[PDB]
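In: opening with a subset of the complex:
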Amino acid sequence: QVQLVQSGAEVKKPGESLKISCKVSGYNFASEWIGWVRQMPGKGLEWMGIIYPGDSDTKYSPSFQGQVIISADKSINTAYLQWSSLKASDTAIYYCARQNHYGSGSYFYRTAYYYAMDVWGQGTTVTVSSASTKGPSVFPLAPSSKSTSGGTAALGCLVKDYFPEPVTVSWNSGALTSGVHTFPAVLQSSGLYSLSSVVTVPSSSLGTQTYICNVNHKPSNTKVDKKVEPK
Amino acid sequence: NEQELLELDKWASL
């Protein structure tokens, strides 16, 4: 199983430098190109560049050359992306992905392989802002014994006043996925984010089953578990 | 560079 494990989400002020990493396992890191892909909020994919860890040969998009450096330490299976001075427009999700090669070719001359990004990291969320990191407050969205519709009830957790993105929300340590909706975060006028996660359950499960929302905000190293019950 | 893709073949004698 090939796995790319990217560094955690970060917030950094404009002008600051930043280096993020992607740690690889499951194949020979020195033997395939690996690269970086930018995704700005609400936008498509942008190929930034690739590096071949074996000799650290690099190829950049000209839109990113001289603006970022891609490097690698093959002794610890890690690829890096760096900035010298972040701009506000660098706010995005950065993916690190193996640019695998396909097809068969001769050892005795260069071959035009088919290259594709076959395994992707989970992505690193980078936020360029002067605002400081803040952990979330988590509140229950309590189901009621009466606001029950069609034999189903809804409950959830409100995750409020955190910065930067993202938070992740699981239910019962990932055992509960069916009927779960976690909403896109909204930026409040305070400049802090807020979102909700909800789950629909049979009304009969109110009080008898256990619903706990697990909220992770890695930028603050915070993790909150909230039990939700009818009130 | 009409054959630039070839620069990515790191698995040859050259």
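Out: Yep, that arrived. Numbers count the residues shown, from 1 in each chain, chains lettered A, B, ... in the order given.
In: who in chain B is up against chain A?
Out: Proximity of chain B to chain A, by Cβ under 8 Å from any Cβ of the partner chain, involves residues B:3, B:5, B:6, B:7, B:8, B:9, B:10, B:11, B:12, B:13, B:14. C-betas here are computed from N, CA, C, even on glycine.
In: please redo it, this time with the cut-off set to 6 Å
Out: Taking Cβ under 6 Å from any Cβ of the partner chain as the contact definition, chain B meets chain A at B:5, B:6, B:9, B:10, B:12, B:13.
In: residues near the fourth one, how many?
Out: As a burial measure, residue B:10 scores 16 neighbours (other Cβ atoms under 10 Å in any protein chain shown).
In: would you agree it falls within a helix?
Out: No: according to DSSP: H, G, I helix; E, B strand; the rest coil, residue B:10 belongs to no helix; its state is coil.
In: show me what contacts it?
Out: residue A:52 (Cβ atoms under 6 Å, 6 or more residues apart in numbering or on different chains).
In: how much space between it and residue A:78?
Out: Going from residue B:10 to residue A:78 by Cβ to Cβ, to the nearest Å gives 19 Å.
In: kindly report the residues of chain A close to chain B.
Out: Residues of chain A lying near chain B (Cβ under 6 Å from any Cβ): A:52, A:107, A:108, A:110, A:111, A:112.
In: can you do 8 Å?
Out: A:31, A:33, A:52, A:54-55, A:57, A:59, A:101, A:105-113, A:115.
In: drop anything exposed from these.
Out: Those of the residues of chain A next to chain B that meet the buried threshold are A:33, A:52, A:54, A:59, A:101, A:110, A:111, A:113, A:115, by 16 or more other Cβ atoms under 10 Å in any protein chain shown.
In: chain C goes on too:
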Amino acid sequence: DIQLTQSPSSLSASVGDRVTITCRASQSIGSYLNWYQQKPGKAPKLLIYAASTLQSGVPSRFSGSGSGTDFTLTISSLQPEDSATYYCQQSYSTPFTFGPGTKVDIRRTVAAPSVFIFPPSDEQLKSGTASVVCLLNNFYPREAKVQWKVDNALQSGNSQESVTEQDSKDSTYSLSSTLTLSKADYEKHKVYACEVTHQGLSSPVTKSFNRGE
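Out: Alright, chain C goes in next:
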């Protein structure tokens, strides 16, 4: 660099329909073209490489064809989990540019929202603020309206909404609307209501609660 366009930019179709997205490149790139799928909240996944070779673990209903300048990704029998955004990428010469993307939506029967309202928690009240949440769950189509009434007085400028992407299983949407007040203002009023309109409802639905019983 090589420029790619994709057509259309978004499409909708029914479950079981055959659907095609088209990629066009600024020069001939032979078969040096990949397709990716991105589901909301997820990293992209490789579906096809070398224009037509299907990657292990990808359903047979996905197929790629075309060579040179024009390429098509076909989904033979559209399933609700195919609701996503698709990107082509040329692998002919660096930079290996991605196309702009095509969003695929599932068209399905009308479905009225289930509506739930949630009063603020007592843990929150002790902090200075009061959030009231109205959830509109699993509806279609995406168009809907929420009005907040406090003691029959319509509110404005103190709510925010968020809406999920199309559900991968039943092709519906959901929407949360959050009304924010100070504890003070919240303590001044008794009845809190969210009034919901949708075309799947023969009439506006209203869900309410009375503060402190």
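In: so, the contacts of residue B:10 revisited with chain C in the model?
Out: Contacts for residue B:10 (Cβ atoms under 8 Å, 6 or more residues apart in numbering or on different chains) come out as A:31, A:33, A:52, A:54, A:55, A:57.
In: quick check, nearest of these to residue C:159?
Out: Residue C:159 has its nearest neighbour among the contacts of residue B:10 in residue A:33, at 48.5 Å by Cβ to Cβ.
In: is it true that the closest one touches residue A:47?
Out: No: here residue A:33 does not reach residue A:47: they are 11.7 Å apart, not a contact under Cβ atoms under 8 Å.
In: what is the neighbour count of residue A:16?
Out: Residues near residue A:16, counting by other Cβ under 10 Å, number 13.
In: for it, helix, strand, or coil?
Out: Applying three-state DSSP: residue A:16 is coil.
In: ok, it - contacts?
Out: A:85, A:86.
In: from chain C, how far off is it?
Out: From residue A:16 across to chain C, the span is 26 Å (Cβ to the nearest Cβ, to the nearest Å).
In: now that residue: phi and psi?
Out: Note on residue A:16: backbone dihedrals following degrees, to the nearest 10 are phi -70, psi 160.
In: and if you look at residue A:74?
Out: phi -70, psi -10.
In: now do the contacts for the nearest residue to it once chain neighbours are set aside.
Out: In this structure, residue A:74 finds its nearest non-sequential neighbour in residue A:53, 4.3 Å apart by Cβ to Cβ, 6 or more residues apart in numbering or on different chains. Neighbour list for residue A:53: A:29, A:30, A:34, A:72, A:74, A:79 [criterion: Cβ under 8 Å, 6+ apart].
In: kindly report the same for residue A:103.
Out: Counting by Cβ under 8 Å, 6+ apart, residue A:103 makes contact with A:111, A:113, A:114, C:50.
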